[PDB]
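Visitor:
2 protein chains.
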Amino acid sequence: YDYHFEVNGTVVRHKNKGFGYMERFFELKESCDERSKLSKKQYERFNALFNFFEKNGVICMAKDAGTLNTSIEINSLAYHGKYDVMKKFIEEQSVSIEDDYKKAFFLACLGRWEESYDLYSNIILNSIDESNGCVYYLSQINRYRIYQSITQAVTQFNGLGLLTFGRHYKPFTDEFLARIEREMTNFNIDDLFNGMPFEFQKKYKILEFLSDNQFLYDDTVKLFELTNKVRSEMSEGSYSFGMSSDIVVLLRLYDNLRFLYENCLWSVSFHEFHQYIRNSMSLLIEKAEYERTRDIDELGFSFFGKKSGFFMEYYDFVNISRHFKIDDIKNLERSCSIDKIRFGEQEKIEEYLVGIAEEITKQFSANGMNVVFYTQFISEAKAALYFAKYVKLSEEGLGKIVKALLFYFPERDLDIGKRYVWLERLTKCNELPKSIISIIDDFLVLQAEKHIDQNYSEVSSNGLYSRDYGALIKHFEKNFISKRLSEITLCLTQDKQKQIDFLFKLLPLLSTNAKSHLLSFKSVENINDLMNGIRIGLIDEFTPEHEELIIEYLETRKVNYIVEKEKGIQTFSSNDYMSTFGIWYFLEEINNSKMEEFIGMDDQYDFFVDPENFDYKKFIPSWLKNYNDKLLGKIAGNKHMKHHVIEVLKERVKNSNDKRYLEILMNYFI
Amino acid sequence: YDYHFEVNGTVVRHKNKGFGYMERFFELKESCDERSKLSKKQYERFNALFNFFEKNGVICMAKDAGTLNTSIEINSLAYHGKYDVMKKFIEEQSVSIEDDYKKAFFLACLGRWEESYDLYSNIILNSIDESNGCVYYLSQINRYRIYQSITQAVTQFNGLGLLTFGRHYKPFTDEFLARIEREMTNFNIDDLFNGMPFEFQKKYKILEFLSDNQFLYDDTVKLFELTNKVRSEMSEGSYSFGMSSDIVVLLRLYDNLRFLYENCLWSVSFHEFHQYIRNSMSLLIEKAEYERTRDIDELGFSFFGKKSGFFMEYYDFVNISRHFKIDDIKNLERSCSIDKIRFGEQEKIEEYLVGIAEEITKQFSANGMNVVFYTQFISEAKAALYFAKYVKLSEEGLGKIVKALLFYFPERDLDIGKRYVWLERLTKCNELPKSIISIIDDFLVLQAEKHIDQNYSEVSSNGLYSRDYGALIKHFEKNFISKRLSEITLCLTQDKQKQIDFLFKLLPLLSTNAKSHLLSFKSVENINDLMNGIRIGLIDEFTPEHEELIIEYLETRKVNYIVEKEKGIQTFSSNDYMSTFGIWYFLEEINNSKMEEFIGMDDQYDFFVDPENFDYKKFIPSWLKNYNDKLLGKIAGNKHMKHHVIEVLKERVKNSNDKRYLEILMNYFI
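Quick mapping for you: the protein sequence lines, in order, are chains B and A. Start counting the first sequence at 336; every next residue gets the next number (PDB author numbering). Start counting the second sequence at 336; every next residue gets the next number (PDB author numbering).
1. To test your reading of the DSSP string, which unbroken alpha helix (DSSP H) runs of 4 or more residues are found completely within the segment 957-988 of chain B?
2. Along the chain, where does the alpha helix (DSSP H) that runs through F652 of chain A open and close?
3. I'd like to know if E626 of chain B contacts chain A, where contact means its C-beta is closer than 8 Å to some C-beta of that chain.
4. Mind checking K537 of chain A: buried by the 16 CB within 10 Å criterion, or exposed?
5. Assign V794 of chain B to buried or exposed, taking buried as 16 or more other Cβ atoms, counted over all protein chains shown, within 10 Å of its Cβ.
6. Just to confirm my understanding: we take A716 of chain A, look at its own chain, exclude 5 residues before and 5 after, and list those with CB closer than 6 Å. What are they?
7. From the DSSP output, in three-state form, read off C764 of chain B for me.
8. Taking the Cβ atom as the reference point for each residue, do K763 of chain A and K724 of chain A lie within a distance shorter than 8 Å?
9. What did DSSP end up calling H339 of chain A once you bin it into helix, strand or coil?
10. So if I threshold CB-CB distances at 8 Å, which residues from the segment 543-556 of chain A count as touching chain B?
11. In whole angstroms, give me the CA-to-CA distance for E924 of chain A and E880 of chain A.
12. Measuring alpha carbon to alpha carbon, tell me which residue in A:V726, A:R747, A:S474 and A:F678 is nearest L688 of chain A.
13. Residues of chain B with a CB under 8 Å from the CB of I981 of chain A: which are they?
14. So for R669 of chain B, helix, strand or coil by DSSP?
15. Looking at the structure shown, is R359 of chain B part of a helix, part of a strand, or coil, going by DSSP?
16. Could you spell out the range, first to last residue, of the alpha helix (DSSP H) harbouring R348 of chain A?
17. Which bits of chain B does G635 of chain A rub up against, with CB to CB less than 8 Å?
18. Rounded to the nearest angstrom, how far is the Cβ of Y940 of chain B from that of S914 of chain B, given a contact under 8 Å?
19. What's the C-alpha gap between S957 of chain A and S670 of chain A?
20. Residues of chain A with CB closer than 8 Å to the CB of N973 of chain B, please, in chain order.
21. When the distance is taken between beta carbons, is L585 of chain A closer than 8 Å to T405 of chain A?
22. Check the C-beta distance from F954 of chain A over to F942 of chain A and give it rounded, since I have them as a contact under 8 Å.
23. So for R677 of chain B, helix, strand or coil by DSSP?
24. Pop quiz: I808 of chain B and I772 of chain B are said to be a contact at Cβ under 8 Å. What is the actual Cβ separation, rounded to whole angstroms?
25. Can you tell me whether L473 of chain B is buried or exposed, with buried defined as 16 or more other CB within 10 angstroms of its CB?
26. Under a CB-based cut-off of 8 Å, is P946 of chain A close to chain B?
27. Quick check: the Cα distance between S991 of chain B and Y804 of chain A, rounded to an integer number of angstroms?
28. May I ask you to list, following chain order, the residues of the segment 560-572 of chain B that have a beta carbon less than 7 Å from some beta carbon of chain A?
29. Whole-angstrom Cβ separation of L497 of chain A and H503 of chain A, contact assumed at under 8 Å?
30. By DSSP's criteria, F646 of chain B is part of a beta bridge. Which residues make up the other side?
31. Between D632 of chain A and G572 of chain A, what straight-line distance do the alpha-carbon atoms span, to the nearest angstrom?
32. Could you name the residues of chain A that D950 of chain B contacts, counting a contact when the two beta carbons are closer than 9 Å?
33. For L758 of chain A, which residues of its own chain have a beta-carbon under 8 Å away from its beta-carbon, when the five flanking residues on both sides are left out?
34. With 16 as the cutoff for other CB atoms within 10 Å, does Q681 of chain B come out buried or exposed?
35. DSSP three-state call for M396 of chain A: helix, strand or coil?
36. Can you tell me the Cα-Cα spacing of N529 of chain B and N598 of chain B, whole angstroms?
Next up, the structure:
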């Protein structure tokens, strides 16, 4: 505790006594002649210490300090995810024991936990003889951590892995599990440091925290400074000169990350560290958002309007990708405004993302996919692809990423719907060029080939299917007409019923003769068929016969409704096709005006048919929940319904106070 | 780790492969005969253990969990601020070292850190007697903490900032500071637990965490995780009809406070603990109104709905009062509508507020008070009286609380401006009983007596003055006539001009003859007098002469500002005068070409006078908050700005957590 070393690389005296050896050291380093005075052996020792301090970013004393720049640089293939380089290094024949240590860490990162355990045991056996206290201690700790990871992995696999994966995996032979369980009997990590040579215990005390069940607790408890509200109103900025709580927290996070990844400690993989990074980065981003919003409230939006109080770099992007879950990314997205943050170093991020794409195109295109590696790697892959919305990409990296996501991604993790939302996210900034439009076309074609079989059927949690991919491609290229889908349609026959339906979903993309032969199979014979065609099949316009169907069923139910008035009874109306006729009579889809005679049955049908005389007291605001985007826009357009539903949405947000109602209230109307 | 002891009072099997002693213990707890089977000594041991478990809140296993209810009961005079009882307990003799330990904690809580440190040293020395060693260890930690507080307070006191507060000499004598520095320089906390006997290290293993930040680690990580989870529940609109996942936060905050206060640990005074409590209570407050809007929505949109309500109580109130700063309470006020959160146990809260008021009175009226106490206690008193807005009090409570607030609150902390608003909010759940009006009358008369001396000014921060107190009195009763103030007016002479100014400011109160004397002594000449007259109703319609004085000030400030602008030292709009003139022009209270000419130096003035030309990228949204009902309605009326202000409000409600913008948008503009 003689000095207070600081994240920026500034030393400060603290409870020291007598001669200031650090101030003398820095004065000596600055002046060369003073160094010339020093003894030869002490000169070489000074050169060693100079290189050490320079490497660890210790520059000078606080008073002598100034515009100290800080640039994190973690030099570790594990951190950068250079999987091929790690494997090549593993194949190479080790020279020293440090090479074995790094190789064991690389093996663990690559999922080969059995080999990592074996190599750590070897390293322990050799290093106890070689009197390498540091390597012996760190290998012990990393073997215990890999053993814990193996145990939790077998627990998860036996409990649920067989279920989620669809088949049981036995990553570890029961003989190996028995061997490790027998070896680690009664092995308490706490005594490890205390049983060491007192020489090592004295010199390497800074490593004692590694054995302890948990660390970062002083770093975690120091995250509260990012939850301060007084700071935005008035911040002392006294957490550190020329710095703040934000800078200190970020540099402390980088210190912890570099120390663990560069010293090749397995604790980087545990839940404690992941949650630590989640908390730190989320709190930093939220603090930046809070400061930006308060500045916009105090100063005009012209000032601090979209300030990048936080500024993502390569290391920030990889942190978020590796340590966050998709739910955490969604939490940050909804709470903060991630689009207001600017992303730098985008070329290195593009390299990292194309490396992710390559790794998923190798890991799964190949018949074999290490399962223990897969479970940890797929979360990072899908988080990185999810969080690539804000980063821009070149056509080549974007092409590889789209190819890998659409075709070389597991279906277990990303269904068709989640694949679609990932892709659309990628399209926000890197608006689709034709090169990846071709990839999307190929994906749709493969989906059709799968749909040829009568058992296949898409599964989607978000309710989006290949029709959405078709809509996206058509939206970005208005007149795109795939040739392969067109020839699939032409080769089509009535026997290929499910393929017929699928191609019907993708109707816009098909050529004239293709969609002609398609719609040849299907036709409308009644109002049920008409609504089925409009809903699916895209009945472009209500032909005169279609309008006759509308009127036929409308008057049939008009007679039925007269008989209902005679009953005084109306049990239920399963499908109000009259509501559809209304939105279709409000959309000018029905040129015929006869149905205007039919009115008074459904308050919604009156709402759409003759809104002017329609009593808007009847109107149910819940209908606005169901109305599509264009329908709400039109309702805003029509003068008679505009103000009335302005009032109804105002009342709903005023009384019920629901938030989707507010979204409809303003994002569309006012 | 043999059992997960949940915070609700339920035990679960964890890492237990041997016979279940806890299940058997609870089986014994239920069945009496099986207890009868126990031997004599074991029966008494079981009785003691049963008493302990019932005290600590451990009830049964999770399998047979009943209707486990949440109840908190902290029994510590320190917690409830029973300062007089603490003093009496201190003065009386202590029979055991337990009482000495409690006395030391009470002294520390009373801001007598010299005596508390000496008593803790005495207890450490006298604990040599054979004991468990728990009191010795806790006293050591608590004297280390009180020494840290002593040193930090000395650092702040010698350091600037205290000079404003009379440069109070820190009561710790330089000899005392030297003695504590000499005593504690050799002491390091991290080695204290390791220094204790092996017996104390085996037992009492849960007391280790007190020596570092580890004590708060688990609750901090759970707090961050649950913050993210419950905020996600809010945003997704999961209007859950069942129980909530916040109750763990409440019970963990109920477990930390009780453990720290009951065991008399000085760590209660830490800043980290205060931030933890603050974050937990703010989260609970947000979820309280979040579940308040859930019940309303469920009952409105469906007959079936929940009446479950998250509401405050005595312990919640005292927590918020003690651990929040006024800015945190203001933030919670902005985001959530605390006015709609019901408060229970109003009588206990009133008693606590009365205790705070009488402690303030004792500390202020008499001298010899502790300056170290004052610093910590003033924040708690300030927060208590600020947050007493939402709890209703009896006329006796209002009487003495207002008496302490207006008279005996220190001036350096609460200026008159803040005093006004804190008095005013206390008149929200109340209607101003005539006794309270009498108190405010006496305060006004005292201010007059001060104003007799010419070297006096109503220094303020938010721009509120004695005239505001007079206006409040007029507000709650329009015919109040201040007889003492009337006598003061009639007795003065022209040379007492500061007196004349101060009484002229609060014109309406003064009696008719007093008003005749004061108005026959003072006339409206300058702009200040013009606006004073407007405020008091002396001038009701802007006269041509008053318009000319407005033009005079406008031209004067215009010449000045333009001269500085050409010189490069452009003055900035201050004193609000220009803004009022712009509002008056927009409201047609005043109209002249010269008024239109003043545009170009206050962006608010440009916005009001000529919205057609005003640049709305300069418009800062906070302006909308200050505007009144008529002003906001008229702004909505004008065509040139209605759309711009609507855009600003829409952006604000989408981004800012403030709810005033949403109200302004919905009620007035839309």
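Quick reminder that beta carbons are idealized off the backbone N, C-alpha and C, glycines included.
Guide: Let me spell this out:
1. 957-961 and 964-972
2. Where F652 of chain A is concerned, the enclosing alpha helix (DSSP H) stretches over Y649 to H658.
3. No, its Cβ sits nowhere closer than 8 Å to a Cβ of chain A.
4. exposed
5. exposed
6. Excluding sequence neighbours, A716 of chain A sits near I691 and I695.
7. coil
8. Contact flag set, yes.
9. strand
10. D547, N548, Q549, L551, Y552, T555 and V556
11. Their Cα atoms are separated by approximately 14 Å.
12. A:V726
13. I1005
14. helix
15. helix
16. Taken as a continuous stretch (DSSP letters only), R348 of chain A belongs to no alpha helix (DSSP H), being part of the beta strand (DSSP E) at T345 to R348.
17. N990 and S991
18. 6 Å
19. Rounded to whole angstroms, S957 of chain A to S670 of chain A spans 15 Å at the Cα level.
20. Simply none; closest approach about 18 Å.
21. yes
22. Contact flag correct, Cβ pair sits at about 6 Å.
23. strand
24. 6 Å
25. buried
26. Residue contact with chain B for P946 of chain A: absent (no Cβ-Cβ distance below 8 Å to any residue of chain B).
27. 38 Å
28. Going along the segment 560-572 of chain B in chain order, one finds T562, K564, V565 and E568 with a Cβ nearer than 7 Å to chain A.
29. 6 Å
30. B:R677
31. 11 Å
32. Ordered by position in chain A, no residue passes the 9 Å Cβ test against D950 of chain B, which lies about 21 Å from the chain.
33. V737, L740, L741, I775, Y804 and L807
34. With 16 or more Cβ atoms within 10 Å of its Cβ, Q681 of chain B is classed as buried.
35. strand
36. 21 Å
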